[PDB]
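[1] Kindly generate the corresponding structure for this input.
(chains A, B, C, D, E, F, G and H, ligands or ions: 26)
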Amino acid sequence: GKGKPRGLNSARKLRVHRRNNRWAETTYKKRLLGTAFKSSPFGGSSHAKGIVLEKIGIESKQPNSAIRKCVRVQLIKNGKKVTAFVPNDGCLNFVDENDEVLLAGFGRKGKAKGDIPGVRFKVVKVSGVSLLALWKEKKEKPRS
Amino acid sequence: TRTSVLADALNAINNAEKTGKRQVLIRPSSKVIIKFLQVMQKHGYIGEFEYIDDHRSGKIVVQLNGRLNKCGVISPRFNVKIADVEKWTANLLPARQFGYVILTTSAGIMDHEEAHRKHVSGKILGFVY
Amino acid sequence: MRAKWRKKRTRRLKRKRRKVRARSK
Amino acid sequence: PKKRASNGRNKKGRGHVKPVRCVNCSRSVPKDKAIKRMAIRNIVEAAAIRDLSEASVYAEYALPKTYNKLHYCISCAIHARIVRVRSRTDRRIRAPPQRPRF
Amino acid sequence: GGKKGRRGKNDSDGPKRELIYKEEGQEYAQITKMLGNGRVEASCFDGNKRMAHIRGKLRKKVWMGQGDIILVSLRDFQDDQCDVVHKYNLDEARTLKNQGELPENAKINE
RNA sequence: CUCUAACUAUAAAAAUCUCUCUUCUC
RNA sequence: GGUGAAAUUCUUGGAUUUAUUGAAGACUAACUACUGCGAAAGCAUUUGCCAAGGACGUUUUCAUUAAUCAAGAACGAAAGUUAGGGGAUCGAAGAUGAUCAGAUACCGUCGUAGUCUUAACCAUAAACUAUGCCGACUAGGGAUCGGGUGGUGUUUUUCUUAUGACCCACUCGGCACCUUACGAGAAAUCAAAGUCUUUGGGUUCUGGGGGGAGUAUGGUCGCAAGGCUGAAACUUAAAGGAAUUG
RNA sequence: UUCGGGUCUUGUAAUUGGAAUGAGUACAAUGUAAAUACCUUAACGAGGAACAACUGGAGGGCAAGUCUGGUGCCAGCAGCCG
Ligand SMILES: [Mg+2]
Ligand SMILES: [Mg+2]
Ligand SMILES: [Mg+2]
Ligand SMILES: [Mg+2]
Ligand SMILES: [Mg+2]
Ligand SMILES: [Mg+2]
Ligand SMILES: [Mg+2]
Ligand SMILES: [Mg+2]
Ligand SMILES: [Mg+2]
Ligand SMILES: [Mg+2]
Ligand SMILES: [Mg+2]
Ligand SMILES: [Mg+2]
Ligand SMILES: [Mg+2]
Ligand SMILES: [Mg+2]
Ligand SMILES: [Mg+2]
Ligand SMILES: [Mg+2]
Ligand SMILES: [Mg+2]
Ligand SMILES: [Mg+2]
Ligand SMILES: [Mg+2]
Ligand SMILES: [Mg+2]
Ligand SMILES: [Mg+2]
Ligand SMILES: [Mg+2]
Ligand SMILES: [Mg+2]
Ligand SMILES: [Mg+2]
Ligand SMILES: [Mg+2]
Ligand SMILES: [Zn+2]
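    Numbering: from 1, shown residues only, chains lettered A, B, ... in the order given. Ligands and ions are numbered 1, 2, ... in the order given. Below, you will see the structure:
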């Protein structure tokens, strides 16, 4: 009646059919192939430190006209280079050139969020201190 | 090919009930069909059936009275442990107050309540309500 | 675009790449 | 989606038929999707029947006819006015257009 | 021309506007080549060739071509790229040419 | 409650288009 | 000649048409249909031979020998590739004559390869009923093809009958079709796409948003063309189906 | 009869009173191998009871503003639509 076999001794083909079909998913394929460890900028890592290389802003998409103020960071753990986004009104000036910055995920499962092209990472901490504490003047940059 | 004959019998019963008839002609007429319809007679979901000898598998003529609403085989006769009877009743029967999972135990083909009364369980045949 | 002509363009790219490989095989 | 349950072909159980050419545009089209019109007419029209009758030996000539089955394509059939677009509830009808004259 | 015009703002500033000068980073430049994606190349009057984005309020509001004087705002964090902010319609450009805020070696006349 | 007849038959050329889309509760 | 209209082209060495004929190669018109056969491609002049096959009839024979199928295999349209044969038509390339702003496109005239075949490859098609196969049941109406039953039936004519051909009724099998929802669907619609939340007759293959991409790589087949197997990185908020009003 | 006593209650006011109590300190003792710490408890310890609770959000999904000022497809926000 249905495509799958139904006999009491058909466990083998049911199991192997499910096992072969599981590769059609994206989460299962990523988890089993281990693509996150090999190809992603961080291997199964929620956060990662890095060094600021330069200080660039990127224009937004079509329906949204602006320039989001990002920063190019070379990761210290392995040496990869990724653009990351500093999230707030006046936080670009807070981060200076060639300082250690702790990047985090951008919240969209390693994909570009909203209208910002070619970015996948936030900025949470700079030079050991957090952006949010600087933005509300609760702490200040050590300037070392 | 005809693999599960009881499936054909119950499908014919379902089709001839949904259309509003009062009789069915089941062709192959094995032991299991006779016992299944006998249980249905015992519980009232069926009327007055009949075995027609052909010297070749015989046949059955079933009389209905509209009291039944659905038969159905569990085609893979799963080994049903006495603990799994309640799960099958929940998954198949529409309410706990009625319905019967007809299953074949070593003590014969019996409704699930009778099997639970004997404290014996075996393979599952089908369901009626 | 048509799948036919995209297929044909891929075949012509394979033309060039196969000739190049045959030259350097 | 299916515009025609018959697919327009009218084949239903052959897989392949032998194509025929259009009389106007010479389109190699299958013989069943090749809408056919049997033009049977007089070799001399009603405009010259009297003239021919008055000026012909063999009094009461049978005036033989001419027969030709025209195998149109479908683009020509739409354009050369042979066949017309129809309502989707009128596409059901396959009878010829109701006996042009009785 | 077209029926587009009636959908527009009808902002009719035909009379002679007062030209805007350069302020602490905003500088004059000349369109050298037209690129795609709504971006232009501007030779600034400092010996540099900056890449200037066709910018908001300017994208599909004024139409600009090769060899047009322009006012463009820089970005202190990235000097190479910049944003076109205002366009001068070839009349006040002559005035700036006489006043010479830009080197006069860039002679662009019809 | 009784029937099977009439018929035709034109194809010149015609590419392109920019903003900007905005709440429905007794 | 030909065309919307022209021109290229052939022609008083008499073309275009006109009568007999002859040569070559291809094709099998009209009959030709909601008709037939086949596993699918596909199959249409006559006759003979060769073997094969479905359907029906059967108070014949064996008694589960069966259904679907990874591995393996046979055929597999057109196009294309090696050689040998032919070489009519039509016609990729090409040659031009037109149309245009351009036209090495569509209209036209020539025109190789090919089309047609004997061997050897190729294994892909919108190879479509975009509906896997086997099995059961469920609803009314006619027709149609093959077979078989009965008619106190009708013309047939060989005096009567036997056939055959019809007419009426029934049945089996097949390509199909009309109506309808009382069932199913997102609907278009389907008599199966029904008997599925009242979810299980057996069984094989395939899909998990779009693009990248049926791409690269690695195998494997192929002389070659290419076939089979076949991702990811990355990017994207949609792409898509049916139908309603403009 | 307009009332209106508020006849019977429930909130809002930088008005205003009397209480209770720890979070902290700390005689002790208990605790512990010895000490912290906890349980108990002297003596202190609340008026703005400054002994002061933040973290996010207020278009929709999704509870809560179409209030005020600022910026004007900038700055920025926005997991998605925006
Ligand atoms: Mg910009
Ligand atoms: Mg369409
Ligand atoms: Mg048709
Ligand atoms: Mg067939
Ligand atoms: Mg106006
Ligand atoms: Mg002659
Ligand atoms: Mg013939
Ligand atoms: Mg036939
Ligand atoms: Mg296989
Ligand atoms: Mg060939
Ligand atoms: Mg040859
Ligand atoms: Mg050409
Ligand atoms: Mg030309
Ligand atoms: Mg041509
Ligand atoms: Mg020719
Ligand atoms: Mg294919
Ligand atoms: Mg297919
Ligand atoms: Mg996908
Ligand atoms: Mg694809
Ligand atoms: Mg390869
Ligand atoms: Mg659509
Ligand atoms: Mg707050
Ligand atoms: Mg906020
Ligand atoms: Mg706010
Ligand atoms: Mg709300
Ligand atoms: Zn045509």
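
[2] Tell me which residue lies nearest the centroid of chain D.
    Here the mean C-alpha position of chain D is nearest to the C-alpha of residue D:37 (CA atoms, centre = their mean), at a distance of 1.3 Å.

[3] so is that residue in a helix, a strand, or just coil?
    Look at residue D:37: counting by DSSP: H, G, I helix; E, B strand; the rest coil, its state is strand.

[4] And residue A:13, by the same measure?
    Here residue A:13 is recorded as helix under three-state DSSP.

[5] For whichever residue of chain B sits closest to chain E, grab phi and psi.
    With CB to the nearest CB as the measure, residue B:91 is the residue of chain B nearest to chain E, at 59.3 Å. Heads up, the C-betas are built off the backbone N, CA and C, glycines and all. In terms of degrees, to the nearest 10, the main-chain angles of residue B:91 are phi -80, psi -20.

[6] From residue A:6, how far out is the residue nearest the centre of chain B?
    The geometric centre of chain B, computed from its C-alpha atoms, lies nearest to residue B:36 (CA atoms, centre = their mean), at 4.0 Å. From residue B:36 over to residue A:6 the distance is 20 Å, taken as CB to CB, to the nearest Å.

[7] which residues of chain D fall in helices?
    Read by DSSP state H, chain D holds these helices, from start to end of the chain: D:49-54, D:75-79.

[8] still on that earlier bit, need the next SSE after the helix or strand encompassing the residue nearest to the centre of chain B, C-terminal direction.
    Under the criterion of DSSP states H and E, residue B:36 resides in helix B:31-43. The first helix or strand that comes after helix B:31-43 along the chain, using DSSP H and E, is strand B:50-52.

[9] returning to what we had before: tell me what the helix holding residue B:36 is packed against?
    In this structure, helix B:31-43 makes packing contacts with helix B:5-18, strand B:59-63, strand B:100-105, strand B:108-110, strand B:123-128, judged by 3 or more CB pairs under 8 Å, 6 or more residues apart in numbering or on different chains; DSSP states H and E.

[10] so who does residue A:13 touch?
    With contacts taken as CB atoms under 8 Å, 6 or more residues apart in numbering or on different chains, residue A:13 has the following neighbours: residue A:5.

[11] before we move on, the earlier item: can you give me every residue that contacts the residue nearest to the centre of chain D?
    Contacts for residue D:37 were tallied using CB under 8 Å, 6+ apart; they are D:69-70, D:72, D:82.

[12] how does it look with 10 Å?
    Taking CB atoms under 10 Å, 6 or more residues apart in numbering or on different chains as the definition of contact, the neighbours of residue D:37 are D:23, D:68-72, D:77, D:82-83.

[13] And the residue nearest the centre of chain E?
    What sits nearest the mean C-alpha location of chain E, by CA atoms, centre = their mean, is residue E:70, with 2.3 Å.

[14] Surely that one is within a strand?
    Yes: counting by three-state DSSP, residue E:70 falls inside a strand.

[15] how much space between it and residue B:82?
    Spatial separation of residue E:70 from residue B:82 under the definition CB to CB is 88 Å.

[16] next one: residue A:96
    Separation of residue A:96 from residue B:82 (CB to CB): 74 Å.

[17] just residue D:6 next, same as before
    Going from residue D:6 to residue B:82 by CB to CB gives 59 Å.

[18] Who are the contact partners of residue 12?
    Reading this off chain A. The neighbourhood of residue A:12, defined by CB under 10 Å, 6+ apart, consists of residue A:5.

[19] wait, I meant chain D there
    For residue D:12, the residues meeting the contact criterion (CB under 10 Å, 6+ apart) are D:6, D:32.
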